[PDB]
Amino acid sequence: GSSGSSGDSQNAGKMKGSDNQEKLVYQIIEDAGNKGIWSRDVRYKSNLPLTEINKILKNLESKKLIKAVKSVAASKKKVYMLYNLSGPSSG
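Residues 1 to 91 in the entry's author numbering are what the sequence shown spells out, letter by letter.
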């Protein structure tokens, strides 16, 4: 007659940082989907200043969470979409 368990795996997977700014933005980016989102469109959603959207949008690109993609249009812009996505294909 024995009891007790020695070895359990219980982890949800939280993100470091005592701030909820980089988490609110990243969520808005993934929402955009394959199409992606414009750095600006975020400023409004993330309700954060440009200086914040710039550092945030980038930071994520470092955590392999998102990436910078450019639409077929030859216009000076910058879209951000999940890093897992494959993006545009050749043809």
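Ideal Cβ positions, reconstructed from N, Cα and C, are used throughout, including at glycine.
Note down, in chain order, each residue of its chain lying with its Cβ closer than 7 Å to the Cβ of residue i, except the 5 sequence neighbours on either side.
i, result
"residue 45", "28"
"residue 23", "15"
"residue 134", "Given that the chain is displayed from residue 1 to residue 91, the structure contains no residue 134 and the question cannot be resolved."
Any idea what DSSP makes of residue i, helix, strand or coil?
i, result
"residue 26", "helix"
"residue 14", "coil"
"residue 32", "helix"
"residue 44", "helix"
Spatial neighbours of residue i within its chain, please: CB distance less than 8 Å, with the 5 preceding and 5 following residues excluded, ordered by chain position.
i, result
"residue 18", "none"
I'd like the span of the alpha helix (DSSP H) that includes residue i, first residue to last.
i, result
"residue 58", "50-62"
How far does the beta strand (DSSP E) with residue i in it extend, from its first residue to its last?
i, result
"residue 119", "A query on residue 119 cannot be resolved here, the shown segment of the chain reaching from 1 to 91 and no further."
- Query: Pairing CB atoms from the stretch 35-49 with CB atoms from the stretch 1-12, are three or more of them under 8 Å?
  - Reply: no
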